[PDB]
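Structure first, commentary second.
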Amino acid sequence: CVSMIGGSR
Amino acid sequence: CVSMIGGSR
Amino acid sequence: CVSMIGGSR
Amino acid sequence: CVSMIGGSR
Amino acid sequence: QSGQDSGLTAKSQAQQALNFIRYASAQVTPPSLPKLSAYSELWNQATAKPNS
Amino acid sequence: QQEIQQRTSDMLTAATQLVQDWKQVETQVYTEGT
Amino acid sequence: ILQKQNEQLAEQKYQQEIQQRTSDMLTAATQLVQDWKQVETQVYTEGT
Amino acid sequence: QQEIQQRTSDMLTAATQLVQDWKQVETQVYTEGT
Amino acid sequence: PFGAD
Amino acid sequence: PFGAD
Amino acid sequence: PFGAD
Amino acid sequence: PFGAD
Amino acid sequence: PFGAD
Amino acid sequence: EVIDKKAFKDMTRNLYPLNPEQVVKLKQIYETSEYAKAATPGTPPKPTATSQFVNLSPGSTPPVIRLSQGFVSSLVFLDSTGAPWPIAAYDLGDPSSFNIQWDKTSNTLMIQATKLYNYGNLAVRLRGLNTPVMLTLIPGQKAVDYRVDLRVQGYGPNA
Amino acid sequence: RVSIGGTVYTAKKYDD
Amino acid sequence: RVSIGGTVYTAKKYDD
Amino acid sequence: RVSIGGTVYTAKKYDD
Amino acid sequence: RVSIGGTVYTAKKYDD
Amino acid sequence: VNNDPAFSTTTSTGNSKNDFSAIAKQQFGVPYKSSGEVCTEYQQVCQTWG
Amino acid sequence: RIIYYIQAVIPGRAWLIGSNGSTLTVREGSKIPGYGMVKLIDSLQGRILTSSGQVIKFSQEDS
Amino acid sequence: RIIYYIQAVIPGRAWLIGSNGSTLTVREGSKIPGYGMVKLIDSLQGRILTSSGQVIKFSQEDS
Amino acid sequence: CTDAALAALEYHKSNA
Amino acid sequence: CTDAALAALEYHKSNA
Amino acid sequence: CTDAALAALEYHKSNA
C-alpha cells in the first residue's frame with residue numbers, strides 16, 4: 001500500500 | 001549519496 | 001592544477 | 001623573444 | 001573555321017552542332033537563381049533553431 | 001524582486017534542455033562480421 | 001491610507017496563485033495520464 | 001575625442017582580416033609518380 | 001526521500 | 001571543487 | 001606570459 | 001626599420 | 001477505497 | 001602617437017575580449033558543469049556477471065534480470081550440461097521499454113533498457129522446448145547483469 | 001550539496 | 001591563474 | 001504519503 | 001618592440 | 001516596458017493563456033470607488049485602484 | 001599485504017586493481033579485504049578513504 | 001647519473017626522453033628517478049622544476 | 001575538501 | 001615567472 | 001642600432 005517515494009521524514 | 005561536484009570548501 | 005597561460009608576474 | 005621588425009631606433 | 005571573334009563561336013562542324021544543341025536547349029538563358037538579401041533572410045530564418 | 005523572476009527564467013531555459021537531453025536514450029548498434 | 005490600499009491589493013492577490021498552479025497542473029497531469037494510457041504491442045521474431 | 005573610437009573601428013576591421021588570414025590552413029597535396 | 005539511502 | 005586536485 | 005621565455 | 005640594412 | 005487493501 | 005596606444009589596448013579588449021585567464025576559467029567552469037551533468041546520482045549499480053538455474057516446473061518463479069538505461073545485458077542460454085541452447089524465437093512484452101537484438105542463429109539475446117526502471121517480461125521459445133522460457137526484466141536495480149548464464153532444466157541439441 | 005532524496009542538506013564550513 | 005574547479009585563487013606580486 | 005484507493009493518510013513527524 | 005609574453009617591452013632611445 | 005510580452009526578448013514558453021493582453025501579462029488596473037466598484041466616471045468619487 | 005590502486009573511479013562506483021591482478025568495484029559502503037570499509041569516494045581527486053585510515057590512490061605508474 | 005631532456009610538454013603532462021632512450025610521461029606530482037619529485041611544468045619555457053633543484057629543459061640539440 | 005564531504009555525509013545520515 | 005606560479009600553487013593547495 | 005634591440009631584450013628578460 002505504502003507509496004514511499006513520496007516520503008517525508 | 002554525496003555528489004562531491006556539488007561540493008564547496 | 002595551474003593554467004600558467006593565465007599567469008602574470 | 002625580440003621581433004626585429006618591431007624595431008625603433 | 002575562325003568565325004566571329006569575342007563570342008560563342010564554332011571552329012568546326014562539330015562545334016557548330018554543339019552550338020546548336022546548346023541553342024535549342026535554351027542553355028544560353030539559365031533560370032533565375034534567388035537574391036542574396038531575400039533568400040538570405042529567409043535562410044537564417046528557416047535554419048534557425050526555434051523557440052530560442 | 002524582478003531579478004528573481006529573470007533568474008528563474010534563465011533557470012528554466014536551461015532546465016528544459018537538460019531534461020530533454022536526459023530523456024534521450026540511443027539504441028545500440030549492431031555490426032555482424034564477414 | 002496608502003498602506004490600507006496596498007494591504008487590500010495584497011489580500012486580493014492571494015486567490016489566483018492557486019488557480020495558476022492548478023493550470024500548470026492540468027499541463028502536467030494530462031501529460032502523465034496520456035503517457036500512462038499508452039500500451040505498446042508485443043513484438044515477435046521468428047527464428048531462421 | 002572621436003579619434004580614438006574611429007581608430008579602434010578601422011584597426012579592428014583590419015585586425016579581423018589579419019586573424020582570418022592566419023586561421024587558414026592550406027591542406028597539403030600528394031602527387032604520385034609514374 | 002529517506003536518509004538511509 | 002577541492003584544493004587537493 | 002613570463003620573462004624567462 | 002633599421003639603419004644597418 | 002478501504003483500509004484493508 | 002599615443003592614440004594608437006589606447007586604441008590598440010581597447011581593441012585587444014574587444015576582438016579578444018576573453019583574456020587568456022578568462023578563456024581558461026571559462027574552460028574549467030565548462031568541465032565542472034558538464035561533469036556534474038554527466039555524474040550519475042547515487043552509486044551506480046554494480047556490474048555483475050551471474051548465473052541462474054531456470055526451473056520450469058509449475059509453481060516455480062520466473063528468473064529475474066537486472067538491467068539499466070543504455071547498458072547491454074547479454075542473456076546466454078545453456079541446458080543442464082551447460083552447452084549452448086539456440087533460440088527458436090522470442091517475444092518481448094512492451095518493447096517500448098526494452099530493445100533486444102539477437103543475431104538470428106545464436107543463443108544470446110542482448111537487451112537495453114529504454115525507460116529507466118519500469119519493468120516488463122519476456123518470452124523466449126527455445127529450440128527443443130515446447131515450454132517457452134519466461135523472464136522478468138527489471139531495470140534500474142542496484143546491480144546490472146552484464147551477463148547471466150541461465151541453466152535451463154532440460155537438455156539441448158548440444159550434449 | 002544535494003542528496004538523492006532531493007532534500008538539500010549542506011555542510012557549513014570546513015577546510016583542509 | 002585559475003584551477004579546474006572554477007574557483008579562482010591568485011598570487012599577489014612575484015618577479016623573477 | 002498516499003494509498004491506492006484515493007484517500008490520503010500521513011504520519012505526523014518521525015526521524016531515524 | 002613587443003615580447004611573446006604579450007606585454008610590450010621597449011627600449012627608450014638607442015642609435016648607432 | 002518590462003510588463004509587455006513583446007519586449008520580453010527571452011523566448012518564454014510560459015503561460016500564454018493568462019496574459020491580460022498581447023501587450024501586458026498583468027493589467028495596471030482601473031480607478032475604484034471607495035465602496036469598491038468600477039469608477040467609470042469621475043462624478044462618482046474614485047479613491048482606490050483595482 | 002596486498003596493495004590495490006584505482007583502475008577508474010566515477011561518482012559512486014570505483015573500480016580498483018590490486019597487486020594480485022584482482023579487479024573489484026565498490027560503492028559508498030563496501031568491505032575491502034584488509035582495507036576495512038570504505039568511507040568516501042573522491043572521484044575528482046581519484047581518492048578512496050576507508051575506515052582503516054589508509055587512502056587508495058591511482059598507481060604512481062598509471063596516473 | 002642519467003640525463004633526460006623534454007621531448008614534448010603541454011599544460012599538465014610532459015614527455016621526457018633520457019640518454020638511455022627511455023621515454024616517460026609526467027604530471028604535476030610524479031616520481032622521477034634521481035631528480036626526485038616534480039614541482040612544476042612550465043610548457044612555454046620548456047622547463048621542468050623538480051624537488052632536487054635540478055631544472056629539466058629541452059635538449060640543446062633539440063631546441 | 002574531504003572534511004567538508006564527511007561532515008556533509010554524516011549530516012545527511014543524521015537528518016533523514 | 002616561476003615564483004608567481006609557485007606562490008599561486010601553494011595558495012591553491014592551502015585553500016581547499 | 002642593435003643597441004636598441006639588445007636593450008629591449010634585456011628589459012624584457014629582467015621583467016617577468
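Here, A, B, ... name the chains of the C-alpha cells in the order displayed, residue numbers run from 1 inside each chain, and ligands are numbered from 1 in the same displayed order.
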Mind doing a quick least-squares superposition of chain H onto chain F, all C-alpha atoms paired one-to-one in order, and writing it out as a PDB file with N, CA and C atoms, in the first residue's frame?
ATOM      1  N   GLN H   1      13.287  43.153  -6.967  1.00  0.00           N
ATOM      2  CA  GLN H   1      12.324  42.063  -6.871  1.00  0.00           C
ATOM      3  C   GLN H   1      12.159  41.378  -8.229  1.00  0.00           C
ATOM      4  N   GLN H   2      12.583  42.060  -9.297  1.00  0.00           N
ATOM      5  CA  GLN H   2      12.570  41.467 -10.633  1.00  0.00           C
ATOM      6  C   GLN H   2      13.628  40.383 -10.801  1.00  0.00           C
ATOM      7  N   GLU H   3      14.674  40.414  -9.973  1.00  0.00           N
ATOM      8  CA  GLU H   3      15.786  39.488 -10.131  1.00  0.00           C
ATOM      9  C   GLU H   3      15.344  38.038  -9.995  1.00  0.00           C
ATOM     10  N   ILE H   4      14.436  37.743  -9.065  1.00  0.00           N
ATOM     11  CA  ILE H   4      14.087  36.350  -8.809  1.00  0.00           C
ATOM     12  C   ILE H   4      13.330  35.742  -9.987  1.00  0.00           C
ATOM     13  N   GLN H   5      12.366  36.465 -10.567  1.00  0.00           N
ATOM     14  CA  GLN H   5      11.638  35.859 -11.681  1.00  0.00           C
ATOM     15  C   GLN H   5      12.454  35.870 -12.973  1.00  0.00           C
ATOM     16  N   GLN H   6      13.308  36.879 -13.197  1.00  0.00           N
ATOM     17  CA  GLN H   6      14.188  36.737 -14.358  1.00  0.00           C
ATOM     18  C   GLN H   6      15.124  35.546 -14.173  1.00  0.00           C
ATOM     19  N   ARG H   7      15.583  35.327 -12.938  1.00  0.00           N
ATOM     20  CA  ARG H   7      16.405  34.164 -12.651  1.00  0.00           C
ATOM     21  C   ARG H   7      15.645  32.878 -12.939  1.00  0.00           C
ATOM     22  N   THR H   8      14.404  32.779 -12.463  1.00  0.00           N
ATOM     23  CA  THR H   8      13.652  31.554 -12.699  1.00  0.00           C
ATOM     24  C   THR H   8      13.497  31.306 -14.188  1.00  0.00           C
ATOM     25  N   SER H   9      13.226  32.360 -14.965  1.00  0.00           N
ATOM     26  CA  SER H   9      13.055  32.165 -16.402  1.00  0.00           C
ATOM     27  C   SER H   9      14.330  31.642 -17.060  1.00  0.00           C
ATOM     28  N   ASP H  10      15.493  32.231 -16.756  1.00  0.00           N
ATOM     29  CA  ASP H  10      16.690  31.783 -17.473  1.00  0.00           C
ATOM     30  C   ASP H  10      17.123  30.392 -17.013  1.00  0.00           C
ATOM     31  N   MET H  11      17.094  30.139 -15.702  1.00  0.00           N
ATOM     32  CA  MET H  11      17.445  28.798 -15.252  1.00  0.00           C
ATOM     33  C   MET H  11      16.450  27.759 -15.767  1.00  0.00           C
ATOM     34  N   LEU H  12      15.176  28.128 -15.964  1.00  0.00           N
ATOM     35  CA  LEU H  12      14.233  27.133 -16.473  1.00  0.00           C
ATOM     36  C   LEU H  12      14.461  26.875 -17.954  1.00  0.00           C
ATOM     37  N   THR H  13      14.817  27.915 -18.715  1.00  0.00           N
ATOM     38  CA  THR H  13      15.165  27.683 -20.112  1.00  0.00           C
ATOM     39  C   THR H  13      16.387  26.785 -20.222  1.00  0.00           C
ATOM     40  N   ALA H  14      17.328  26.909 -19.285  1.00  0.00           N
ATOM     41  CA  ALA H  14      18.419  25.940 -19.240  1.00  0.00           C
ATOM     42  C   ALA H  14      17.920  24.546 -18.865  1.00  0.00           C
ATOM     43  N   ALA H  15      17.110  24.458 -17.808  1.00  0.00           N
ATOM     44  CA  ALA H  15      16.713  23.170 -17.254  1.00  0.00           C
ATOM     45  C   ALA H  15      15.913  22.348 -18.247  1.00  0.00           C
ATOM     46  N   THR H  16      15.055  22.994 -19.037  1.00  0.00           N
ATOM     47  CA  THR H  16      14.342  22.272 -20.084  1.00  0.00           C
ATOM     48  C   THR H  16      15.322  21.629 -21.061  1.00  0.00           C
ATOM     49  N   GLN H  17      16.384  22.354 -21.421  1.00  0.00           N
ATOM     50  CA  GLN H  17      17.419  21.777 -22.271  1.00  0.00           C
ATOM     51  C   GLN H  17      18.071  20.573 -21.605  1.00  0.00           C
ATOM     52  N   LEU H  18      18.396  20.676 -20.314  1.00  0.00           N
ATOM     53  CA  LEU H  18      19.052  19.543 -19.658  1.00  0.00           C
ATOM     54  C   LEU H  18      18.131  18.326 -19.572  1.00  0.00           C
ATOM     55  N   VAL H  19      16.853  18.535 -19.247  1.00  0.00           N
ATOM     56  CA  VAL H  19      15.973  17.378 -19.120  1.00  0.00           C
ATOM     57  C   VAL H  19      15.785  16.724 -20.479  1.00  0.00           C
ATOM     58  N   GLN H  20      15.694  17.529 -21.543  1.00  0.00           N
ATOM     59  CA  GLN H  20      15.659  16.926 -22.867  1.00  0.00           C
ATOM     60  C   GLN H  20      16.955  16.174 -23.143  1.00  0.00           C
ATOM     61  N   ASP H  21      18.088  16.715 -22.685  1.00  0.00           N
ATOM     62  CA  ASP H  21      19.378  16.066 -22.885  1.00  0.00           C
ATOM     63  C   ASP H  21      19.458  14.724 -22.170  1.00  0.00           C
ATOM     64  N   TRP H  22      18.705  14.544 -21.085  1.00  0.00           N
ATOM     65  CA  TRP H  22      18.719  13.228 -20.445  1.00  0.00           C
ATOM     66  C   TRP H  22      17.640  12.297 -20.982  1.00  0.00           C
ATOM     67  N   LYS H  23      16.512  12.832 -21.455  1.00  0.00           N
ATOM     68  CA  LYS H  23      15.445  11.965 -21.946  1.00  0.00           C
ATOM     69  C   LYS H  23      15.858  11.152 -23.165  1.00  0.00           C
ATOM     70  N   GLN H  24      16.922  11.544 -23.859  1.00  0.00           N
ATOM     71  CA  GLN H  24      17.354  10.806 -25.036  1.00  0.00           C
ATOM     72  C   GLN H  24      17.894   9.438 -24.644  1.00  0.00           C
ATOM     73  N   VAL H  25      17.580   8.438 -25.464  1.00  0.00           N
ATOM     74  CA  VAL H  25      18.138   7.098 -25.331  1.00  0.00           C
ATOM     75  C   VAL H  25      18.588   6.662 -26.714  1.00  0.00           C
ATOM     76  N   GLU H  26      19.896   6.544 -26.905  1.00  0.00           N
ATOM     77  CA  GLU H  26      20.443   6.240 -28.220  1.00  0.00           C
ATOM     78  C   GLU H  26      20.516   4.728 -28.408  1.00  0.00           C
ATOM     79  N   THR H  27      19.709   4.217 -29.336  1.00  0.00           N
ATOM     80  CA  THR H  27      19.584   2.779 -29.530  1.00  0.00           C
ATOM     81  C   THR H  27      20.907   2.174 -29.977  1.00  0.00           C
ATOM     82  N   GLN H  28      21.189   0.969 -29.491  1.00  0.00           N
ATOM     83  CA  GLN H  28      22.461   0.339 -29.799  1.00  0.00           C
ATOM     84  C   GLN H  28      22.478  -0.131 -31.248  1.00  0.00           C
ATOM     85  N   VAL H  29      23.681  -0.393 -31.742  1.00  0.00           N
ATOM     86  CA  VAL H  29      23.869  -0.887 -33.097  1.00  0.00           C
ATOM     87  C   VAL H  29      24.366  -2.322 -33.022  1.00  0.00           C
ATOM     88  N   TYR H  30      23.991  -3.111 -34.022  1.00  0.00           N
ATOM     89  CA  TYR H  30      24.492  -4.468 -34.187  1.00  0.00           C
ATOM     90  C   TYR H  30      25.301  -4.508 -35.472  1.00  0.00           C
ATOM     91  N   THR H  31      26.565  -4.892 -35.359  1.00  0.00           N
ATOM     92  CA  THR H  31      27.443  -5.078 -36.506  1.00  0.00           C
ATOM     93  C   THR H  31      27.800  -6.557 -36.579  1.00  0.00           C
ATOM     94  N   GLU H  32      27.519  -7.175 -37.720  1.00  0.00           N
ATOM     95  CA  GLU H  32      27.811  -8.588 -37.910  1.00  0.00           C
ATOM     96  C   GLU H  32      29.285  -8.770 -38.237  1.00  0.00           C
ATOM     97  N   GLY H  33      29.724 -10.024 -38.284  1.00  0.00           N
ATOM     98  CA  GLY H  33      31.065 -10.314 -38.738  1.00  0.00           C
ATOM     99  C   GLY H  33      31.101 -10.756 -40.186  1.00  0.00           C
ATOM    100  N   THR H  34      32.313 -11.018 -40.658  1.00  0.00           N
ATOM    101  CA  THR H  34      32.519 -11.451 -42.032  1.00  0.00           C
ATOM    102  C   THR H  34      32.447 -12.969 -42.146  1.00  0.00           C
TER     103      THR H  34
END
Name the residues in contact with residue T:6 at a cut-off of 9 Å, using only C-alpha atoms, excluding same-chain residues fewer than 4 positions from it; report them as a PyMOL selection string. chain T and resi 14-18+46-48+56-59
Residues just named, written with N, CA, C and O atoms as an mmCIF file, in the first residue's frame:
data_model
loop_
_atom_site.group_PDB
_atom_site.id
_atom_site.type_symbol
_atom_site.label_atom_id
_atom_site.label_comp_id
_atom_site.auth_asym_id
_atom_site.auth_seq_id
_atom_site.Cartn_x
_atom_site.Cartn_y
_atom_site.Cartn_z
ATOM 1 N N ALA T 14 33.701 2.705 -7.818
ATOM 2 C CA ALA T 14 35.104 2.876 -8.169
ATOM 3 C C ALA T 14 35.671 1.494 -8.440
ATOM 4 O O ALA T 14 35.503 0.587 -7.622
ATOM 5 N N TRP T 15 36.303 1.326 -9.594
ATOM 6 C CA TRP T 15 36.928 0.064 -9.957
ATOM 7 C C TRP T 15 38.405 0.134 -9.599
ATOM 8 O O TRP T 15 39.103 1.068 -10.002
ATOM 9 N N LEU T 16 38.868 -0.844 -8.833
ATOM 10 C CA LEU T 16 40.231 -0.884 -8.331
ATOM 11 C C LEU T 16 40.905 -2.199 -8.704
ATOM 12 O O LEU T 16 40.268 -3.254 -8.778
ATOM 13 N N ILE T 17 42.213 -2.115 -8.938
ATOM 14 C CA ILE T 17 43.034 -3.245 -9.353
ATOM 15 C C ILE T 17 44.129 -3.444 -8.315
ATOM 16 O O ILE T 17 44.856 -2.501 -7.984
ATOM 17 N N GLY T 18 44.246 -4.663 -7.803
ATOM 18 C CA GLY T 18 45.240 -4.992 -6.804
ATOM 19 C C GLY T 18 46.555 -5.432 -7.409
ATOM 20 O O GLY T 18 46.746 -5.430 -8.627
ATOM 21 N N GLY T 46 40.530 11.190 -7.490
ATOM 22 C CA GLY T 46 40.957 9.803 -7.586
ATOM 23 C C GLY T 46 41.356 9.205 -6.253
ATOM 24 O O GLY T 46 42.349 8.473 -6.179
ATOM 25 N N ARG T 47 40.594 9.492 -5.203
ATOM 26 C CA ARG T 47 40.927 9.171 -3.825
ATOM 27 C C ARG T 47 39.835 8.300 -3.214
ATOM 28 O O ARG T 47 38.651 8.558 -3.399
ATOM 29 N N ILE T 48 40.224 7.242 -2.511
ATOM 30 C CA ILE T 48 39.289 6.420 -1.735
ATOM 31 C C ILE T 48 39.729 6.491 -0.279
ATOM 32 O O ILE T 48 40.877 6.174 0.042
ATOM 33 N N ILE T 56 43.313 4.927 -0.768
ATOM 34 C CA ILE T 56 43.562 4.285 -2.053
ATOM 35 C C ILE T 56 43.689 5.369 -3.116
ATOM 36 O O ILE T 56 42.796 6.211 -3.270
ATOM 37 N N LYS T 57 44.790 5.341 -3.858
ATOM 38 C CA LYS T 57 45.059 6.289 -4.927
ATOM 39 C C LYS T 57 45.218 5.534 -6.237
ATOM 40 O O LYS T 57 45.330 4.306 -6.264
ATOM 41 N N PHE T 58 45.231 6.287 -7.332
ATOM 42 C CA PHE T 58 45.744 5.744 -8.579
ATOM 43 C C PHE T 58 47.215 5.391 -8.407
ATOM 44 O O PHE T 58 47.951 6.049 -7.667
ATOM 45 N N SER T 59 47.645 4.338 -9.095
ATOM 46 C CA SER T 59 49.037 3.925 -9.005
ATOM 47 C C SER T 59 49.955 5.031 -9.518
ATOM 48 O O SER T 59 49.575 5.848 -10.360
#
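Between atom CA of residue N:19 and atom CA of residue P:8 lies a distance of 14.2 Å.
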If you run DSSP on the backbone here, which positions in chain V get helix (DSSP H, G or I)? Please write them as a PyMOL selection string. chain V and resi 2-14
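The spacing separating atom CA of residue N:137 from atom CA of residue N:89 amounts to 17.5 Å.
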Hey, could you make a per-residue contact list for chain O against chain A with 12 Å as the cut-off, showing the nearest pair of atoms and its distance in Å to one decimal, counting only C-alpha atoms, sorted by chain and number, as CSV?
residue,atom,partner,partner_atom,distance
O:4,CA,A:5,CA,11.5
O:5,CA,A:7,CA,8.9
O:6,CA,A:7,CA,10.6
O:7,CA,A:8,CA,9.8
Could I get chain Q fitted onto chain P (least squares, all C-alpha atoms, in order) as a PDB file with N, CA, C and O atoms, in the first residue's frame?
ATOM      1  N   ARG Q   1      45.409  33.592 -12.082  1.00  0.00           N
ATOM      2  CA  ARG Q   1      45.531  32.185 -12.433  1.00  0.00           C
ATOM      3  C   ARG Q   1      44.334  31.400 -11.886  1.00  0.00           C
ATOM      4  O   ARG Q   1      43.766  31.771 -10.861  1.00  0.00           O
ATOM      5  N   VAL Q   2      43.939  30.328 -12.577  1.00  0.00           N
ATOM      6  CA  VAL Q   2      42.642  29.688 -12.365  1.00  0.00           C
ATOM      7  C   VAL Q   2      42.799  28.174 -12.314  1.00  0.00           C
ATOM      8  O   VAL Q   2      43.591  27.594 -13.068  1.00  0.00           O
ATOM      9  N   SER Q   3      42.036  27.536 -11.426  1.00  0.00           N
ATOM     10  CA  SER Q   3      42.067  26.096 -11.220  1.00  0.00           C
ATOM     11  C   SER Q   3      41.065  25.404 -12.147  1.00  0.00           C
ATOM     12  O   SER Q   3      40.536  25.999 -13.089  1.00  0.00           O
ATOM     13  N   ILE Q   4      40.797  24.124 -11.880  1.00  0.00           N
ATOM     14  CA  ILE Q   4      39.939  23.330 -12.755  1.00  0.00           C
ATOM     15  C   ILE Q   4      38.519  23.256 -12.205  1.00  0.00           C
ATOM     16  O   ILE Q   4      37.547  23.189 -12.966  1.00  0.00           O
ATOM     17  N   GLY Q   5      38.371  23.277 -10.878  1.00  0.00           N
ATOM     18  CA  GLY Q   5      37.046  23.240 -10.285  1.00  0.00           C
ATOM     19  C   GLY Q   5      36.170  24.424 -10.630  1.00  0.00           C
ATOM     20  O   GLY Q   5      34.964  24.251 -10.830  1.00  0.00           O
ATOM     21  N   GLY Q   6      36.752  25.623 -10.714  1.00  0.00           N
ATOM     22  CA  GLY Q   6      36.025  26.848 -11.003  1.00  0.00           C
ATOM     23  C   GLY Q   6      36.459  28.018 -10.145  1.00  0.00           C
ATOM     24  O   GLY Q   6      36.417  29.166 -10.600  1.00  0.00           O
ATOM     25  N   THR Q   7      36.881  27.745  -8.915  1.00  0.00           N
ATOM     26  CA  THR Q   7      37.369  28.780  -8.019  1.00  0.00           C
ATOM     27  C   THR Q   7      38.666  29.383  -8.541  1.00  0.00           C
ATOM     28  O   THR Q   7      39.515  28.684  -9.102  1.00  0.00           O
ATOM     29  N   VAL Q   8      38.812  30.690  -8.354  1.00  0.00           N
ATOM     30  CA  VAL Q   8      39.951  31.443  -8.864  1.00  0.00           C
ATOM     31  C   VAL Q   8      40.803  31.876  -7.676  1.00  0.00           C
ATOM     32  O   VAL Q   8      40.347  32.635  -6.815  1.00  0.00           O
ATOM     33  N   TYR Q   9      42.039  31.390  -7.618  1.00  0.00           N
ATOM     34  CA  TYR Q   9      43.020  31.853  -6.644  1.00  0.00           C
ATOM     35  C   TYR Q   9      44.271  32.315  -7.378  1.00  0.00           C
ATOM     36  O   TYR Q   9      44.714  31.662  -8.327  1.00  0.00           O
ATOM     37  N   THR Q  10      44.852  33.424  -6.921  1.00  0.00           N
ATOM     38  CA  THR Q  10      45.884  34.121  -7.674  1.00  0.00           C
ATOM     39  C   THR Q  10      46.955  34.658  -6.733  1.00  0.00           C
ATOM     40  O   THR Q  10      46.651  35.244  -5.691  1.00  0.00           O
ATOM     41  N   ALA Q  11      48.216  34.449  -7.111  1.00  0.00           N
ATOM     42  CA  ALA Q  11      49.331  35.020  -6.372  1.00  0.00           C
ATOM     43  C   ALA Q  11      49.381  36.535  -6.576  1.00  0.00           C
ATOM     44  O   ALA Q  11      49.041  37.060  -7.639  1.00  0.00           O
ATOM     45  N   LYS Q  12      49.842  37.243  -5.546  1.00  0.00           N
ATOM     46  CA  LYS Q  12      49.717  38.697  -5.497  1.00  0.00           C
ATOM     47  C   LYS Q  12      50.737  39.409  -6.381  1.00  0.00           C
ATOM     48  O   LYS Q  12      50.359  40.067  -7.355  1.00  0.00           O
ATOM     49  N   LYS Q  13      52.025  39.286  -6.069  1.00  0.00           N
ATOM     50  CA  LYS Q  13      53.047  40.020  -6.813  1.00  0.00           C
ATOM     51  C   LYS Q  13      54.398  39.371  -6.566  1.00  0.00           C
ATOM     52  O   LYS Q  13      54.846  39.295  -5.417  1.00  0.00           O
ATOM     53  N   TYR Q  14      55.047  38.915  -7.636  1.00  0.00           N
ATOM     54  CA  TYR Q  14      56.358  38.285  -7.549  1.00  0.00           C
ATOM     55  C   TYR Q  14      57.094  38.543  -8.854  1.00  0.00           C
ATOM     56  O   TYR Q  14      56.463  38.868  -9.863  1.00  0.00           O
ATOM     57  N   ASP Q  15      58.419  38.412  -8.835  1.00  0.00           N
ATOM     58  CA  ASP Q  15      59.237  38.651 -10.013  1.00  0.00           C
ATOM     59  C   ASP Q  15      60.411  37.679 -10.049  1.00  0.00           C
ATOM     60  O   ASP Q  15      60.845  37.154  -9.020  1.00  0.00           O
ATOM     61  N   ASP Q  16      60.921  37.446 -11.255  1.00  0.00           N
ATOM     62  CA  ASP Q  16      62.078  36.578 -11.456  1.00  0.00           C
ATOM     63  C   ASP Q  16      63.048  37.193 -12.459  1.00  0.00           C
ATOM     64  O   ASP Q  16      62.649  37.954 -13.340  1.00  0.00           O
TER      65      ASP Q  16
END
Provide the atom CA of residue S:29 to atom CA of residue G:5 distance in Å, to one decimal place. 13.2 Å
